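Working notes, structure below.
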Amino acid sequence: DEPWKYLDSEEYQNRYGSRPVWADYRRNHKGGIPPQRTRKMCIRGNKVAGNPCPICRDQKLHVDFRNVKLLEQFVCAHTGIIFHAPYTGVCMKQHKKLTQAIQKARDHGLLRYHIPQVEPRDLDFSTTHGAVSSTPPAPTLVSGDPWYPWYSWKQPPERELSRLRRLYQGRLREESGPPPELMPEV
Amino acid sequence: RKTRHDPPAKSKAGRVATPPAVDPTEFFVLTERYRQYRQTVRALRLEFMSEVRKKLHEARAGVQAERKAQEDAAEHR
Amino acid sequence: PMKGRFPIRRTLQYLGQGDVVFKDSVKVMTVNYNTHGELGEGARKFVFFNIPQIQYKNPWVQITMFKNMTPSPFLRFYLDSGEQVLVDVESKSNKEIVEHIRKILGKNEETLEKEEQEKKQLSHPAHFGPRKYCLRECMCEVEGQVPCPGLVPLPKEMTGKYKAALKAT
Amino acid sequence: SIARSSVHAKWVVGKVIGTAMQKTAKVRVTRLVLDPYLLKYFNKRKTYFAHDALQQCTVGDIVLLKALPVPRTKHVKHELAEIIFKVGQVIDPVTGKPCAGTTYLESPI
Amino acid sequence: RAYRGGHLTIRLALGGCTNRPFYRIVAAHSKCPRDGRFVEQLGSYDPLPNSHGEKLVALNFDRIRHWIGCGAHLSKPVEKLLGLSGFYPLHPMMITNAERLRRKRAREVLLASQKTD
Amino acid sequence: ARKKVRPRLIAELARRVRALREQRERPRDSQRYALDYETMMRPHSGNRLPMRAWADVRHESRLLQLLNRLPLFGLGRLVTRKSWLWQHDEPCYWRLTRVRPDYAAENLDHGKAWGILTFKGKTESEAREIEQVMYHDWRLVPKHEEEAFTXXXXXXXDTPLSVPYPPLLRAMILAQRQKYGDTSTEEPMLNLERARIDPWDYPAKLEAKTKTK
Amino acid sequence: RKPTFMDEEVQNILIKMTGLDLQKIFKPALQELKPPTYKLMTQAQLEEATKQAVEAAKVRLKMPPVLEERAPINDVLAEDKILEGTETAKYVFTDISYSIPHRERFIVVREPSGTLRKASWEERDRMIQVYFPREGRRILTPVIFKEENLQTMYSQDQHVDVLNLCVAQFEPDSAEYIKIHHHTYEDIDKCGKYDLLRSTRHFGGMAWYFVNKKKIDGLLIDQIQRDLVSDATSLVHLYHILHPXXXXXXXXXXXXXXXXXXXXXXXXXXXXXXXXXXXXXXXXXXXXXXXX
RNA sequence: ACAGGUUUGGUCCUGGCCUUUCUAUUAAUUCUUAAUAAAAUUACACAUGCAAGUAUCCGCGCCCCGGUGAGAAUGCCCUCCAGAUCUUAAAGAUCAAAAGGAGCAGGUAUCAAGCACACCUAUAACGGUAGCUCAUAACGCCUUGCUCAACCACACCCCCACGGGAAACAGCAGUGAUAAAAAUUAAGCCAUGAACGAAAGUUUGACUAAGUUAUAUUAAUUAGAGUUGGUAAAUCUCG
Ligand SMILES: [Mg+2]
Ligand SMILES: [Mg+2]
Ligand SMILES: [Mg+2]
Ligand SMILES: [Mg+2]
Ligand SMILES: [Mg+2]
Ligand SMILES: [Mg+2]
Ligand SMILES: [Mg+2]
Ligand SMILES: [Mg+2]
Ligand SMILES: [Mg+2]
Ligand SMILES: [Mg+2]
Ligand SMILES: [Mg+2]
Ligand SMILES: [Mg+2]
Ligand SMILES: [Mg+2]
Ligand SMILES: [Mg+2]
Ligand SMILES: [Mg+2]
Ligand SMILES: [Mg+2]
Ligand SMILES: [Mg+2]
Ligand SMILES: [Mg+2]
Ligand SMILES: [Mg+2]
Ligand SMILES: [Mg+2]
Ligand SMILES: [Mg+2]
Ligand SMILES: [Mg+2]
Ligand SMILES: [Mg+2]
Ligand SMILES: [Mg+2]
Ligand SMILES: [Zn+2]
Ligand SMILES: [Zn+2]
């Protein structure tokens, strides 16, 4: 997995020179204009297909977030944006893996990207406001009161309840409703 | 959905809603809860109504509106 | 564009760039200009360059032009009140006419800036809609939230049919 | 204060095309329109009938139409307000003198 | 379109990618479809708890109350929402579901200790 | 130009044809509300009455059966509904002004009557039209008891007129007075004064929409 | 007394300390390029253009506000234990109303504990970041602020970038803001890299954190080595403004003061390494007698 | 378009046709599994089961969703709002019919004239003028949903439904006939939305979760199809 090595090798330096990877690679296609996105994968199982990408024709190359020397040559130097596969000629799989790679690269800052000057979020910052500063907690809180009388369950007059049964007499389902106060269970 | 002029199903015709069962505690509790609730919310509503009243008539008839009117008139002249 | 002798004025850029906006009172504008004289010279330019700027920015204001009726060139303005403005343009420079009009029935820069801000406040960051009106859409997108199954398939647990087959058994 | 007309026409100016009706003037209006392909401004014309008390409009007059608050007919929504240039007799708004074309008939002094 | 009647109503439209529901609080006509036309959008609600374990709810309190002051009706889940926030008093049915759930939890404690015995 | 020209004549015809026929087809309430008891079926409407409504229908009679034992129909005799009884201990009585019986050639049991009100002791002095004359929960009081019913009217002071604005809202008002520069620590009071709703048993006045000019 | 960053003295002294480098101020950026625009100008037009440049550069150069830390805000607006038994995960209620200043927004929570709690500061911010998305900000904290990534970015001498990252990502009164800004200052100090942030808008933070850490060493050394006397002058001036009563201040002031006397008396009265100052303050001095 | 092939013995020039890119149906050849979106030949005819109920009466709801694109150059955009409903201490709010018009709006001029398409009297339904539209396309004919956080139109046909043919799935599933065109006669109101309810709540073929299909993307467990003179990647031996 150790990235830096193969980019400084004499084998690599021999093969690719100081030109980027993919320089000499050329993608064969049906006409003057290549299909708008390259092949899905150039590797399925043990089989390497046709004339392989820059990246996967050479197995000793490793796509990571670590090697900046490999990921550099897939990003536009001046524009700092990546190339779409056809510019380069990499396969879709290695191109998605390359985008995701450059991301974690820039998230660990191993790479450069452009960082703009942003002003502060707020214009005038006053911590003073009542949303920020803790309010005068409710007169209802101080007492330990429910915020309203109806949060509290009140056992009703026996008159109202028996007249209520008197209303619904055939359909009444009557089972005691005192609300046990503490929740937890197995 | 169905329409006015679509016929009702046969299996539907003789079937009339059979009411749900009631509990005394639960019920009277709920009637009160809702009574107080709706009371409160109905108060709030009038507060918001008043709010929009204010915003509106203070936007149309506000001293700044007539200020603009007069200022602009004079400017024009 | 190729044809035309000052084709730059058949641009969109040339149209947006002209600055006069009209007050809400202006309805009609009447340009009376003259063909032959040295003292007409400015007025003509105004018709040839600036009239198509003006109009663009005020598509609801009729702008009419008469030739060689009156021996001296002028503008007229018909406001909502029945106020008739009369702007004498004679030895004036084209630029001078423009700026003079801007003075008389203009809009203060602050007015315009205010209005554009009052329209820009109409599209609110926090809403969710189609890409046309809003920015964000499903809240598939926003970071901490749940990824929407198109991109990232969901836990066996959270699927409907998992719950169904679990409640059945 | 309500007197209105739902029509955008509220004030226009047009030529006077024809006199053929009683106390009603046929007036052609012309506005500039931007042809989107060419990006150019051309003269689109539209005719408006208008109403006249005096029946004062000769053909060829440059006339100021004011929108009428309540429409008379399907085809009459306007009232002639003022005659801007009576034809063949034109008095210069600037100097208030009688004129033909480039020439004053009675000059200053 | 033109309707016979109905009221301005504040409710939950459902945008969702299916098994991942999400809602847009919306000021609408009762007689328009759920996901269709509305007057104005008010807030959103995200049911599914996020990375931090939270259910996000945005509301424009100023506008919400601008419409209630115009007499919009609230759907019951918009009232559950407004309840929790404390912009509105807690909804009665909430409390009842509380009592119900507590009673069932007590009954199930007793079932647990009657099965253990 | 946008120009669309087309006559529609039968657009009007049907309008007139229905309207006219409608008033000839206008069902008299005799045949309309008439009920089949062994079924609980409305012959005219084809509707089958609710399940909480069976018993009351079977055991008691509608207002204009017992308004028809009357010598005079304009009796100032107070009428009371069974449900109003069972819900409220304080007397709900409903008294008559103008009665129009619509004549079932058979039992003369239907009609539109117009009363005055007192609901659970709170008195309402103006004549309305009676709503729901149609239902069997109606009962009539004899002349001797009406003196026992009117005197049970009492008066008591109502529950609190003030309230604590809900937690977030109060928070916001407080924040706005503290940011505006009024530091008064006076609690956030709310008036329940105008919040009065009648109990759902209060019969809804049906005439039209009231216009305040 | 009342010294602070936004005082006119501290401001004008920190603007002069910072410096205008139109090459570092306006530098090639990585954005998609456009073809360059050309026009022919007079000497006059080029001068006016130059001043125009300098004016606009100032706005680019404006200092990011420094502020003290915020305290945690813990307040409960209400409690109903009845709700607690619902055992649902946390609810977060934000207000989005376009008129409001984001410190005046109301952000609230209901936990499974059946209580109404106000949002914490970090919480509050990531909320506003959700519904009022502002560029550069991640709603979940970006990895790069771990110590490893920090050191990696320092190695690459990118420090302007880090300090530009925190301005956007966090809030100026936050905890993390302060941790990262200050730790980053420590790095430029131990590496003597001070001239990095020189024409940057970040210079004000350099000056302040150090005057208040009372290590003026590297900046004075560097200033004298860079052949800038006036900056070391206004800097000691600053240590005197943020430390009015001390031996060094009142003595090396009221005795007498100017370039030589105040810089060398504050080189003797600030002892961190006074040997460094005294060395370099000799060298510059010597390099004058050869040049004049 | 970054263009490429193709007129002639050859050379330019002019000038079509075609290739090369992307999407969608349908077909042929192949085909492993998930997940997500989408699902459609047919305003042809329809077996059967369902798609509105609620509710102490009365009332309220009952093409609203949902379906379709048949019709109509329809219409977009912009004025102005009757009415219906909701809230309410009488004025707000949401839909918004009719009626309008700055401007924009399918083809065709081998459709060039249309044939009363105007106004004036406020007299109070009569009289008086002789007009109006139109080559800046009137009046025709032909084809057609759309400018899409939605809007327009239809609801068995006779534009309109009194009346007449005649007995209506262009609701969900299904089915004959037709067409190159093939989803379950499937489970739930558990979430949302809707209707009623004072309320618990009830109903909802909307919708939710499924089921079927390589129709499109994503992931892998899956290997096959087409090509190989040139444009245009790529060939040996036979017949
Ligand atoms: Mg030839
Ligand atoms: Mg040849
Ligand atoms: Mg030849
Ligand atoms: Mg060919
Ligand atoms: Mg197929
Ligand atoms: Mg539809
Ligand atoms: Mg449709
Ligand atoms: Mg068609
Ligand atoms: Mg047609
Ligand atoms: Mg046409
Ligand atoms: Mg309308
Ligand atoms: Mg022909
Ligand atoms: Mg006549
Ligand atoms: Mg029909
Ligand atoms: Mg019929
Ligand atoms: Mg049909
Ligand atoms: Mg079907
Ligand atoms: Mg039907
Ligand atoms: Mg078939
Ligand atoms: Mg198909
Ligand atoms: Mg079903
Ligand atoms: Mg599905
Ligand atoms: Mg596929
Ligand atoms: Mg196989
Ligand atoms: Zn590859
Ligand atoms: Zn999504």
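Here, A, B, ... name the chains of the structure tokens in the order displayed, residue numbers run from 1 inside each chain, and ligands are numbered from 1 in the same displayed order.
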
Test item: residues no farther than 8 Å from ligand 8, counting only C-alpha atoms (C1' of nucleotides) and all ligand atoms, as a list in words
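For ligand 8, the residues inside 8 Å are residues 69, 70, 71 and 144 of chain H.
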
With a distance cut-off of 12 Å and only C-alpha atoms (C1' of nucleotides), select the neighbouring residues of stretch 124-127 of chain C, excluding the residue or stretch itself and same-chain residues fewer than 5 positions from it, and output the selection as a ChimeraX atom specification.
/C:118-119,133-139,142 /E:23-26,40-45,57-60 /G:94-99,127-134 /H:149

For residue H:116, please output as a ChimeraX atom specification all residues within 12 Å (counting only C-alpha atoms (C1' of nucleotides); exclusion window: fewer than 6 positions along the same chain).
/H:130-133

Go ahead and write the residues just picked, N, CA and C atoms (P, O5', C5', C4', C3', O3' and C1' of nucleotides), as a PDB file, in the first residue's frame.
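Produced file part15.pdb, reproduced below:
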ATOM      1  P     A H 130     -74.255  58.751 -44.105  1.00  0.00           P
ATOM      2  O5'   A H 130     -73.512  57.380 -43.778  1.00  0.00           O
ATOM      3  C5'   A H 130     -72.298  57.341 -43.030  1.00  0.00           C
ATOM      4  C4'   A H 130     -71.679  55.963 -43.081  1.00  0.00           C
ATOM      5  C3'   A H 130     -71.645  55.327 -44.478  1.00  0.00           C
ATOM      6  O3'   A H 130     -70.432  54.582 -44.650  1.00  0.00           O
ATOM      7  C1'   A H 130     -72.814  53.908 -42.987  1.00  0.00           C
ATOM      8  P     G H 131     -69.041  55.323 -44.998  1.00  0.00           P
ATOM      9  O5'   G H 131     -68.221  55.248 -43.633  1.00  0.00           O
ATOM     10  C5'   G H 131     -67.741  54.010 -43.127  1.00  0.00           C
ATOM     11  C4'   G H 131     -68.378  53.653 -41.807  1.00  0.00           C
ATOM     12  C3'   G H 131     -67.673  52.558 -41.015  1.00  0.00           C
ATOM     13  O3'   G H 131     -66.602  53.034 -40.214  1.00  0.00           O
ATOM     14  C1'   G H 131     -69.932  51.991 -41.236  1.00  0.00           C
ATOM     15  P     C H 132     -65.105  52.492 -40.447  1.00  0.00           P
ATOM     16  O5'   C H 132     -65.089  51.074 -39.738  1.00  0.00           O
ATOM     17  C5'   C H 132     -65.185  50.993 -38.334  1.00  0.00           C
ATOM     18  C4'   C H 132     -65.363  49.575 -37.891  1.00  0.00           C
ATOM     19  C3'   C H 132     -64.230  48.627 -38.239  1.00  0.00           C
ATOM     20  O3'   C H 132     -63.117  48.719 -37.371  1.00  0.00           O
ATOM     21  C1'   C H 132     -66.272  47.634 -38.830  1.00  0.00           C
ATOM     22  P     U H 133     -61.636  48.576 -37.973  1.00  0.00           P
ATOM     23  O5'   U H 133     -61.514  47.029 -38.324  1.00  0.00           O
ATOM     24  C5'   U H 133     -61.580  46.034 -37.315  1.00  0.00           C
ATOM     25  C4'   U H 133     -61.364  44.671 -37.913  1.00  0.00           C
ATOM     26  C3'   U H 133     -60.202  44.571 -38.882  1.00  0.00           C
ATOM     27  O3'   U H 133     -58.957  44.411 -38.229  1.00  0.00           O
ATOM     28  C1'   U H 133     -62.103  43.577 -39.845  1.00  0.00           C
TER      29        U H 133
END

Of the candidates E:105, E:7, E:100, E:65, which one gets nearest to residue B:48 if we count only C-alpha atoms?
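Of the candidates, the smallest distance to residue B:48 is held by E:65.
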
Residue B:28 surroundings by only C-alpha atoms (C1' of nucleotides), 8 Å radius, close-in-sequence under 5 positions cut, as a VMD selection string
chain A and resid 156 160 to 161

Residues just named, written with N, CA and C atoms as a tab-separated table (two decimals), in the first residue's frame:
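Dumped everything to result_1.tsv:
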chain	number	residue	atom	x	y	z
A	156	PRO	N	-62.22	12.74	38.36
A	156	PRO	CA	-63.46	13.51	38.17
A	156	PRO	C	-64.51	13.21	39.23
A	160	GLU	N	-70.39	13.07	37.47
A	160	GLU	CA	-70.11	13.21	36.05
A	160	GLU	C	-69.79	11.87	35.41
A	161	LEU	N	-69.03	11.05	36.14
A	161	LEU	CA	-68.63	9.73	35.65
A	161	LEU	C	-69.79	8.75	35.55

Which value, in Å to one decimal, gives the distance between atom CA of residue C:121 and atom CA of residue E:21?
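Interatomic distance here is 28.7 Å.
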
Near-residue H:141 list (12 Å; only C-alpha atoms (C1' of nucleotides); drop same-chain fewer than 2 positions) as a VMD selection string
chain H and resid 107 to 111 139 143

Grab the residues selected above and save them as a PDB file, in the first residue's frame with N, CA, C and O atoms (P, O5', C5', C4', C3', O3' and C1' of nucleotides).
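Output saved as out_16.pdb:
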ATOM      1  P     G H 107     -45.634  28.816 -37.210  1.00  0.00           P
ATOM      2  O5'   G H 107     -46.103  27.831 -38.383  1.00  0.00           O
ATOM      3  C5'   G H 107     -45.335  26.693 -38.761  1.00  0.00           C
ATOM      4  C4'   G H 107     -46.072  25.822 -39.756  1.00  0.00           C
ATOM      5  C3'   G H 107     -46.537  26.507 -41.026  1.00  0.00           C
ATOM      6  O3'   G H 107     -45.504  26.693 -41.975  1.00  0.00           O
ATOM      7  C1'   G H 107     -48.310  25.236 -40.164  1.00  0.00           C
ATOM      8  P     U H 108     -45.371  28.093 -42.755  1.00  0.00           P
ATOM      9  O5'   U H 108     -46.558  28.054 -43.819  1.00  0.00           O
ATOM     10  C5'   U H 108     -46.691  26.966 -44.726  1.00  0.00           C
ATOM     11  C4'   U H 108     -48.071  26.904 -45.340  1.00  0.00           C
ATOM     12  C3'   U H 108     -48.604  28.199 -45.933  1.00  0.00           C
ATOM     13  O3'   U H 108     -48.043  28.550 -47.182  1.00  0.00           O
ATOM     14  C1'   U H 108     -50.289  27.217 -44.623  1.00  0.00           C
ATOM     15  P     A H 109     -47.777  30.105 -47.481  1.00  0.00           P
ATOM     16  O5'   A H 109     -48.564  30.373 -48.833  1.00  0.00           O
ATOM     17  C5'   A H 109     -49.930  30.003 -48.963  1.00  0.00           C
ATOM     18  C4'   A H 109     -50.722  31.077 -49.665  1.00  0.00           C
ATOM     19  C3'   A H 109     -49.902  32.214 -50.301  1.00  0.00           C
ATOM     20  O3'   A H 109     -50.563  32.681 -51.495  1.00  0.00           O
ATOM     21  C1'   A H 109     -51.430  33.112 -48.758  1.00  0.00           C
ATOM     22  P     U H 110     -50.403  31.964 -52.939  1.00  0.00           P
ATOM     23  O5'   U H 110     -51.278  30.644 -52.822  1.00  0.00           O
ATOM     24  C5'   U H 110     -52.645  30.705 -52.443  1.00  0.00           C
ATOM     25  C4'   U H 110     -53.253  29.334 -52.411  1.00  0.00           C
ATOM     26  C3'   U H 110     -52.451  28.284 -51.650  1.00  0.00           C
ATOM     27  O3'   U H 110     -53.338  27.241 -51.254  1.00  0.00           O
ATOM     28  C1'   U H 110     -52.587  27.658 -53.893  1.00  0.00           C
ATOM     29  P     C H 111     -54.107  27.266 -49.846  1.00  0.00           P
ATOM     30  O5'   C H 111     -55.096  28.508 -49.964  1.00  0.00           O
ATOM     31  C5'   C H 111     -56.416  28.340 -50.461  1.00  0.00           C
ATOM     32  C4'   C H 111     -57.359  29.302 -49.794  1.00  0.00           C
ATOM     33  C3'   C H 111     -57.017  30.774 -49.945  1.00  0.00           C
ATOM     34  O3'   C H 111     -57.443  31.324 -51.175  1.00  0.00           O
ATOM     35  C1'   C H 111     -57.479  30.318 -47.692  1.00  0.00           C
ATOM     36  P     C H 139     -60.904  36.690 -37.827  1.00  0.00           P
ATOM     37  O5'   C H 139     -61.607  36.018 -39.085  1.00  0.00           O
ATOM     38  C5'   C H 139     -62.819  36.539 -39.597  1.00  0.00           C
ATOM     39  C4'   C H 139     -63.176  35.883 -40.900  1.00  0.00           C
ATOM     40  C3'   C H 139     -63.124  34.367 -40.911  1.00  0.00           C
ATOM     41  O3'   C H 139     -64.272  33.778 -40.325  1.00  0.00           O
ATOM     42  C1'   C H 139     -62.045  35.202 -42.835  1.00  0.00           C
ATOM     43  P     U H 143     -56.386  17.420 -39.533  1.00  0.00           P
ATOM     44  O5'   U H 143     -55.094  17.572 -38.613  1.00  0.00           O
ATOM     45  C5'   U H 143     -53.878  16.913 -38.938  1.00  0.00           C
ATOM     46  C4'   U H 143     -52.739  17.403 -38.078  1.00  0.00           C
ATOM     47  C3'   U H 143     -52.937  17.277 -36.577  1.00  0.00           C
ATOM     48  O3'   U H 143     -52.673  15.983 -36.078  1.00  0.00           O
ATOM     49  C1'   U H 143     -52.175  19.447 -37.066  1.00  0.00           C
TER      50        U H 143
END

Taking only C-alpha atoms (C1' of nucleotides) and all ligand atoms and a cut-off of 12 Å, can you tell me which residues surround ligand 15, written as a PyMOL selection string?
(chain F and resi 14+18) or (chain H and resi 161-167)

Could those selected residues go to a file with C-alpha atoms (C1' of nucleotides), as a PDB file, in the first residue's frame?
ATOM      1  CA  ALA F  14     -80.982  23.434 -18.123  1.00  0.00           C
ATOM      2  CA  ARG F  18     -83.838  22.315 -13.089  1.00  0.00           C
TER       3      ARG F  18
ATOM      4  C1'   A H 161     -77.685  18.362 -21.767  1.00  0.00           C
ATOM      5  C1'   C H 162     -83.843  20.340 -21.293  1.00  0.00           C
ATOM      6  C1'   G H 163     -84.806  16.423 -24.332  1.00  0.00           C
ATOM      7  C1'   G H 164     -82.409  12.056 -27.882  1.00  0.00           C
ATOM      8  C1'   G H 165     -79.476   7.803 -28.861  1.00  0.00           C
ATOM      9  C1'   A H 166     -78.829   4.600 -25.124  1.00  0.00           C
ATOM     10  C1'   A H 167     -77.356   2.223 -20.389  1.00  0.00           C
TER      11        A H 167
END

Counting only C-alpha atoms, which residues from chain E have an atom at most 9 Å from any atom of chain F, and could you show them as a ChimeraX atom specification?
/E:85-90

Smallest atom-to-atom distance to chain G: which of E:14, E:81, E:39, E:32, using only C-alpha atoms?
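Among the listed residues, E:81 lies closest to chain G.
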
Please list as a count of residues only every residue within 7 Å of stretch 131-139 of chain F, counting only C-alpha atoms (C1' of nucleotides) and excluding residues in the same chain fewer than 3 positions away.
14

Give the helix (DSSP H, G or I) residues of chain A, as DSSP finds them on the backbone, and put them as an MDAnalysis selection string.
chainID A and resid 4:8 10:15 54:57 68:72 85:88 92:107 139:143 158:167

Would you mind telling me which residue in G:59, G:16, G:90, G:74 lies nearest to chain E when using only C-alpha atoms?
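Nearest candidate to chain E out of G:59, G:16, G:90, G:74: G:90.
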